[PDB]
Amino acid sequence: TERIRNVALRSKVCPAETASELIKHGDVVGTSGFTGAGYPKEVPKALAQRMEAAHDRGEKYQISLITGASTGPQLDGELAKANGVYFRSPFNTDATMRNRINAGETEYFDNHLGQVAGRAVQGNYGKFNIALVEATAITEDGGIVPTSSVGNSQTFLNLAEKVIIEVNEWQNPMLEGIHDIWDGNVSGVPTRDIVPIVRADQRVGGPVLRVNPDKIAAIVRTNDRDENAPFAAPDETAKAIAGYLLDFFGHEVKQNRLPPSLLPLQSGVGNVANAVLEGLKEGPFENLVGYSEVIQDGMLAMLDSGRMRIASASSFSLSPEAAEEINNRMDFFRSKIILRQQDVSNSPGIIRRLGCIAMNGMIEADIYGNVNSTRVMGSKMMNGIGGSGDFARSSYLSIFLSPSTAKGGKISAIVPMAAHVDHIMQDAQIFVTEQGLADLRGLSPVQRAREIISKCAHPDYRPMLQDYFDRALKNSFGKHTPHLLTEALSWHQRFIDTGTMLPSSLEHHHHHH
């Protein structure tokens, strides 16, 4: 079946290489793409080759790359390999791009995901020269049907001088209808519109991205896969974390602080999130709802079982097996899933109104429960803040979950002071590790420390943490949030110097005595 149903636009079809020539050195390029889903693939590959060829001749060729969130090897990977990106925002997971960022070869700012569209419209990234968007189909009236994510695509189409569409036949035609794109003012010039979502299953718009066809400079027919990461099977650490969390939810329900259907759930991807979703599938709940950034494998499983009634997201984040499952049953799943613009999925007004429960990962937390989501040792970017701030701050309950240690036990995920802060104490109420769960509601910082140290810290690090806290309480400049500035960041420096946060018995350490 023909994917370009508007006949006039068929005249704009051309090869990926030709389309890539529209993108010039210095251009700001906005693309589709979120959690490895729905990013353009063939044009970036062609662009990267041409970039490398230019560089080899001493000719500069780089772009500014603004996305929904993370992309995949064909986009972030190829362009990073080519050293073709001078500025990148708002979120990346590609390892080559991460290296460019951490070497200072690519300038990076990880904006809150729900704010990116608004900042783009404000002009913070400059003038958009190109929007490069993957599509399932183009409708009779020239509507652009997105693929496996919506992201910021509508905003980029609005802002960009020229538009390139990749029509990807790998993407199931029955994605058409799964998206909800609003023409309302969510991220435009104030005063903005009320975004009138009052339930997670509510549609407010239509199935297509809208763009003036006169801005469409090229359409490329493609056939290539998303980046469907291998399923991260829960290990025992993940299962323990999920057990503590599920026990907590059960207790909240028994105390009438949550309904048996909980509240709309936001979760992440990977080991721990997978364990939580498996637990939710089998737990004493019913009629669950997702209002999140992503649809993951375990969410499909609950939609299938009926445990989850609907799932709202901006994107899919599926394994190859789950992608095949939904591909084979898209008629069923399309009725259970709504994919929204990320400025709507991550709208603080909506998140608060629905009372979402936010469940997010972390690099580390300090004893006072300030959270680092991004910068190892304070300086080395991992992925980016993503929507963790959108959700943590706006949520009814903000929960952070992590193994109590990292790097095979050589790093403590609970530290005297976080080396970088993404989520302040006020934005984190519950911490869960494989050691236990800290409920910090209504606690002062010193009370938070008592709970975090006792419930969440690993036995290998708890005495060290207690020692820091005890001496800080005796010596700190103020006693409201006790610190010893002489050693607050010393465990991080110890890791940098020695490869472990565990102290040597060849020197004096206060907790050894």
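Residue numbers run from 1 along the displayed sequence.
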- request: Output the stretch having the higher mean C-alpha B factor in the entry; the candidates are 277-285 and 101-109.
  value: 277-285
message: Quick check: 66-74 versus 462-470, which has the larger average CA B-factor in the record?
response: 462-470
message: Given 390, 141, 366, 94, identify the residue with the highest C-alpha B factor in the PDB entry.
response: 141
task: Could you tell me which one of 244, 333, 400, 396 shows the highest CA temperature factor in the PDB record?
output: 333
- line: residue 343: CA temperature factor from the record, placed by chain third, in the lowest
- prompt: Looking at the C-alpha B-factor of residue 410, is it in the lowest, middle or highest third of its chain?
  reply: middle
task: Rank-wise, by C-alpha B-factor, drop residue 317 into the lowest, middle or highest third of its chain.
output: middle
- request: Compare the C-alpha B factor of residue 501 with those of the other modelled residues in its chain, then answer lowest, middle or highest third.
  value: middle
message: Per the entry's values, where does residue 441 land by CA temperature factor relative to the rest of its chain, in the lowest, middle or highest third?
response: lowest
